[PDB]
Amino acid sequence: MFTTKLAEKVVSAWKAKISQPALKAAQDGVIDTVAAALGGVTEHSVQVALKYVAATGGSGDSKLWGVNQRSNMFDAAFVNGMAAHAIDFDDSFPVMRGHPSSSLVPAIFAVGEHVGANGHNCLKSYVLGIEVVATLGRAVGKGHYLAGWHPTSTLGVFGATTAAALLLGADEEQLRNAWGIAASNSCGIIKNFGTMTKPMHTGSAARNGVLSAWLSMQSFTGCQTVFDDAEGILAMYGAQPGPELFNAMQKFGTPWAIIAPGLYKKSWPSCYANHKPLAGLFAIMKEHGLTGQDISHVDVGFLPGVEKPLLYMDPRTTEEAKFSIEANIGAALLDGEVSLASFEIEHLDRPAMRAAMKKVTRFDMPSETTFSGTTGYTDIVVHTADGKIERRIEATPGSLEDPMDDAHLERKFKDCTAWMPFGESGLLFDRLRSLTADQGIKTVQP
């Protein structure tokens, strides 16, 4: 009954009004995700995605973000989902231990443009796709990520499917069906972190979410109970029989997970496991009046489960650097900031950068439970002329405890779109903000 109940909750909510705060949360998620995408459109991964579109000989009217080109909705969702994750700057969501918006927002744009949808419905579909992935993440728990799966795509695909299906006009049956199709297209592994395959996870999840929904509307069948039982995808991913499943569903919309705990907005284009350490380092530098020239070493601690994604101690590519605490803290020490340019290959290969990276060491922080990059707390030690400065960082930057405010999000957008021609970034920012006023999503044209 879990799958049936979830589709009832989603479709019933779809037919009802949704709160101003939820729509505002969704609006901000859109702006952050498009910023993240536009900051990454020159990456090789996205350029190759564009080449793929050329190779398909395909055509259509869904906008490929950052370029004056359109294609069919499936391939647009692929390209834009790739772009949304290309520099690891898009949001996280601790309930899922992953990045839901880099599949969901691309899917919503691709389908929304196709069907001529307006902003309230688009935003509502985001709210509901996030509620679905929150419910599934709660069901699955911590084991799925620890076992080597990337929940970003393995669970993200269901978010994308949900919003696509709703926009396409799915009823409960069609929605249940679409989730069944998606479950057989649920994939992505952690060993591909530090490669271009990581943004493919979200490209594929967006495309597959759109495709799964569209197929469902064509009377193409899949399992309508795919979340249920030992044979269902949740159990396969480690959901335990008992109350976990019942606990998960009890949340629904009271409050919406897009509000609480909400989407965590990244201050730096790198793995969240870097971010409490960076916050702490910068706070120490500011408070004590230290530059990196005044710091001889930094020790960065990690709770159980947190270090997993940071695969590279000596990263050699732009992608690897985002999964290196050495590169993150190294750049912070060298430049006094971490920016879009920090992980560009020319910056990464500076002799001075490689020197700074050698100032950084990792250590284990003891605990009886496991945590993630967006949860728990971090201990750092900053070594200086006058001794060691110890600090515990309790708030994750971007969480409700250290939220990104309007001014911060606007500056992120600006920085990610600095390459756009005169005036075009501001105009796009304004159009993005008009979704709240029920403007046609096709008018936005990121």
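For every residue, the number given is its place in the sequence shown, counted from 1.
Mean Cα B-factor comparison, 338-346 or 174-182, giving the higher one as deposited: Comparing 174-182 with 338-346, the higher mean C-alpha B-factor belongs to 338-346.
Which of 383-391 and 42-50 has higher mean CA B factor, as the PDB entry lists it: 383-391 has the higher mean C-alpha B-factor.
Peak C-alpha temperature factor (PDB record), options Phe193, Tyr272, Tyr126, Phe252: By C-alpha B-factor in the record, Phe252 ranks first.
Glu131, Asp314, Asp75, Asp299, ranked by C-alpha B-factor: the highest one: Top of the list by C-alpha B-factor: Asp314.
Lowest, middle or highest third - CA B-factor, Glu113: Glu113: CA B-factor falls in the middle third of its chain.
Relative C-alpha B-factor of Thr396, binned into the chain's lowest, middle or highest third: For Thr396, the deposited C-alpha B-factor lands in the middle third.
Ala55, C-alpha B-factor rank within chain (lowest, middle or highest third): CA B-factor rank for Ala55: highest third.
Chain third (lowest, middle, highest) by recorded CA B-factor, residue given as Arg411: Its C-alpha B-factor belongs to the lowest third of this chain's values.
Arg354 CA temperature factor, ranked by third within the chain: Highest third.
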